[PDB]
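First up is the structure itself, then whatever we jot down about it.
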């Protein structure tokens, strides 16, 4: 980090954000479940996200 608060799942969120995961709220929870792991989260986020919903 270079001058700026230290978030929990920032970097991890960053990527997600790019992927189109504009659901930090969900991403977080997921990230929490996994423990920060993004790849894993994704695998979850994807699953969680029903067939066209959100």
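Numbering (the entry's author numbering), first residue to last: 1 to 54.
Where a beta carbon is used, it is the ideal one built from N, C-alpha and C, also for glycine.
Cut-off 6 Å between Cβ atoms - residues of its own chain near residue i, not counting five sequence neighbours on either side
| i | result |
| --- | --- |
| residue 44 | 30 |
| residue 8 | none |
Continuous alpha helix (DSSP H) stretch holding residue i: start and end
| i | result |
| --- | --- |
| residue 48 | 38-48 |
Coarse secondary structure for residue i, derived from DSSP in three states
| i | result |
| --- | --- |
| residue 6 | coil |
| residue 28 | helix |
| residue 18 | helix |
Rounded Cβ spacing between residue i and residue j (contact assumed at less than 8 Å)
| i | j | result |
| --- | --- | --- |
| residue 38 | residue 10 | Going by Cβ atoms, the distance from residue 38 to residue 10 rounds to 11 Å, so no, they are not a contact pair. |
| residue 41 | residue 34 | 5 Å |
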